[PDB]
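Heads up, the chain below is alone and in the form deposited in one PDB entry; it's given as structure tokens.
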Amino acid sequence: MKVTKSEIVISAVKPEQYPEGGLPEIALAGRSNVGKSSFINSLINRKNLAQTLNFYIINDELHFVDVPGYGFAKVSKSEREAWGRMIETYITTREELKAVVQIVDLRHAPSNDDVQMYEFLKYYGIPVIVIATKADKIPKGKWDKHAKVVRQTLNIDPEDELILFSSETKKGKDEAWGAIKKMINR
């Protein structure tokens, strides 16, 4: 998978605004927006391409759907409910959705917010690709230890992949693309 084309398509809040075409969709979720944008840019060899669902068309073959971060400590109950109607409407009605990539940090245990998001996604039976980032900051000899902390914290389902990733060395980029293709062609 070589990304020869990527552009933003729309920032939508309701189904009437989701793009047409029936191309498969991969949504991306993370506790933080900055980290999430960073991951998306590294997947498509860009630095600047990445409350609304932001759709991006990639190689005219799929859309990435950027879900606003789920870190709610400082978000009003009201905005939380609105985020809830927005994401739940998308997940339950979007036929195109094939998997969600959930982004977490390899360096430390996932937060309860990451755990709750993972639980919420599995309740709906959506395949999840868990990406543990910042792998370049951890010595290789400790990768397995850090992976295990992520896996055991989230209690990853045996059918879901855990991929260690670095936006700097591009470690896990081919693999992430591989799992994305597996989900889009099922």
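Just count from 1 along the sequence shown to find any residue number. The term rigid core refers to the maximal set of C-alpha atoms that superpose within 1.5 Å between the two forms.
According to the PDB entry, the deposited sequence runs on from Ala29 to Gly30 with no residue lacking coordinates between them. As listed in the deposited structure, the average C-alpha B-factor of 13-21 and of 174-182 is greater for 13-21. The mean C-alpha temperature factor is higher for 80-88 when 80-88 and 95-103 are set side by side. Remark: of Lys134, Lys140, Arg46, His146, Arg46 shows the highest value [criterion: C-alpha B-factor in the PDB entry].
Residues shown: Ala50, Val65, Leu154, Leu121. Highest C-alpha temperature factor in the entry: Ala50.
In the deposited entry, the Cα temperature factor of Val34 places it in the highest third of its chain's modelled residues. Ranked by C-alpha B-factor against the other modelled residues of its chain, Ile126 falls in the middle third. In the deposited entry, the Cα temperature factor of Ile58 sits in the middle third of values across the chain's modelled residues.
As for the form deposited with a small molecule bound, it is not shown, yet the points below apply to it.
Checked against the small molecule in the deposited complex, the candidates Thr153, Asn59, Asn45, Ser38 yield a single residue with a heavy atom inside 4.5 Å, and that residue is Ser38.
The candidate spot formed by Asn33, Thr133 and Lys137 is fully in contact with the small molecule in the deposited complex: every one of the three has a heavy atom within 4.5 Å. Remark: of stretches 172-180, 159-167, 6-14, 19-27, the one touching the small molecule in the deposited complex is 159-167 (heavy atom within 4.5 Å). Core-superposed comparison between this form and the one not shown: CA of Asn112 displaced by less than 2 Å.
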